[PDB]
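Same chain, two forms, each on its own as structure tokens: structure 1, then structure 2.
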Structure 1
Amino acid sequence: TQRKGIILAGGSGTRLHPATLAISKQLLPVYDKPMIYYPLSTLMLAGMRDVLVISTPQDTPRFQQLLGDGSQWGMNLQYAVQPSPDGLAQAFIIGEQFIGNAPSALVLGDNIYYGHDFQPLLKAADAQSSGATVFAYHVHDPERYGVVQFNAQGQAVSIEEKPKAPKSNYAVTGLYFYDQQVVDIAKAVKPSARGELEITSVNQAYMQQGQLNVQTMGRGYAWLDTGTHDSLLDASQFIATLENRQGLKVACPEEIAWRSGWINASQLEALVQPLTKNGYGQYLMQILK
């Protein structure tokens, strides 16, 4: 698709200290791979090869060294900086030149998704010609998230950021698909009651035009909380369980790129040569033979 992706990987906050004294949160391992691999692979599964990584002045070079320009994966990776964490909607203001007049998508750098049918779900969001698509996930504590109520036709009826006051149990997750209107909408967002340039404001605008579609991630879908140390440990336990007990690989960009045809097997084998020592590399070998 001509859709282009943004990962917002900015300020984690002190919540994960002292672990995050060492590194920024989206570079911490979730099981065997850096956190940023999971939302990146989400964009890749949706078909986006053009990805803008937005991070802090201090951390952007660290991502640059980890990921490079993405040509090793048949991708084009670019970088821009958020000087202060003023809101998710700022991603489209920082990302205006990279987006051009293409449809776009935003995923948060600490959002980890899993689902057996997730790729058909992503591809379907990518196929909407217009409007916006958010992803709804059942949680037991909606007051901590953005909450949506929708018309069962996939049409949202209300959307509230951290309501006192919650109108449903469906949290809006950190994955958003948009047509060409979002940049101008984002530029017009005013700071919310909590002082933030909220993506919820963006989605409310789409909802008022009747252009907010909601994809449900119900039974079988995982959306991992990376907010706390305990929830980070749970995220690692989950990924390790899928890979060791069920023989599944989550968020391996080399595999996704090869199976998407963005690199060939010769390019893929070249990627494995410096990784031959451990199971991550031996998996890429097992998948080549």
Structure 2
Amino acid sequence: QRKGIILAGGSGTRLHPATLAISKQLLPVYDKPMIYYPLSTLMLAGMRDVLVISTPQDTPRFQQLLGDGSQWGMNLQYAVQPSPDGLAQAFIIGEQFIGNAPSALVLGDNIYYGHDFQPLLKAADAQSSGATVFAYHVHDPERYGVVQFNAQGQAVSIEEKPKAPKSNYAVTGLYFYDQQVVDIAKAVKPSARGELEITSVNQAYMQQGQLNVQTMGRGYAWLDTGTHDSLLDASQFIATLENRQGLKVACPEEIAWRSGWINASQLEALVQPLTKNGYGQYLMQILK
């Protein structure tokens, strides 16, 4: 079975002074901490074992929020990235956690929503070999890293903020890998930015012809969490869908229950501290 990693990196001064008090990935997006969203993405793909990698200052904060995950039928582990030396180090730090299993990496600030998102994840999870990146259709591909892929979904090029974009599909912060990634990451050399870039990992799979692309088009949302304005917009987006459509985005208790990881009695125990708000009353509605 596949094991997941959440990389929650340095908050930056970009969100000060709000992030003077809390790390970015602990800020609330509507009613729940940001980290719930990338976590529930791993949960939707079927992963119960997740390693949270963060900075020395922020890792204990995540441990306080989430614990060991056994409340969701999960096994959560924590490790620290001491210096922000690139995304690919997640596979070096998480090497013992991964073992010989397939893995997945999601960035701590990536919020996805789509009606068919779970089938898309399970299809990527079902791939026997190679790697999978997740592309999001944008009207301005120049701003992101852009992936070009062939009619069968196999990546042909990956270009960072291309002046002339070869496609309209931006690479998002979600990656699935077979057993080769731990060794591939170890051979990554520091880029012009001084970091072990995940793009170099994806380049190795593509150069081997083993990099597949899942496209998130019509029906999908990929929210920007970079600025105060965009975070407020992300909060409004979640509140709109949840209040209008009678659903919850990134509710770990619900996902664990619907997946069979906890029973209805365990879910009712989790709801007792949440009875005061719509989050807990939502869970009580599905119990009845």
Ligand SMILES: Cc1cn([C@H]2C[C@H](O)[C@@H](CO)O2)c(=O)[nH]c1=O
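Each residue is numbered by where it sits in the sequence of structure 1, with counting from 1. Rigid core: the largest C-alpha set superposing within 1.5 Å between the two forms.
Matching the description of the form solved in complex with ligand THM is structure 1; structure 2 comes from elsewhere.
Residue shifts between structure 1 and structure 2, rigid core superposed: of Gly95, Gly87, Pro103, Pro142, the only C-alpha displaced by 2 Å or more belongs to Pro142. After superposing the rigid core, the Cα of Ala188 is displaced by less than 2 Å between structure 1 and structure 2.
With the core held fixed between structure 1 and structure 2, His116 has its Cα displaced by under 2 Å. A displacement of 2 angstroms or greater separates the C-alpha positions of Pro166 between structure 1 and structure 2, with the rigid core held in common. We note a C-alpha movement of 0.9 Å at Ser231 between structure 1 and structure 2, with the rigid core held in register. Core superposition places the C-alpha of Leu275 1.2 Å apart between structure 1 and structure 2.
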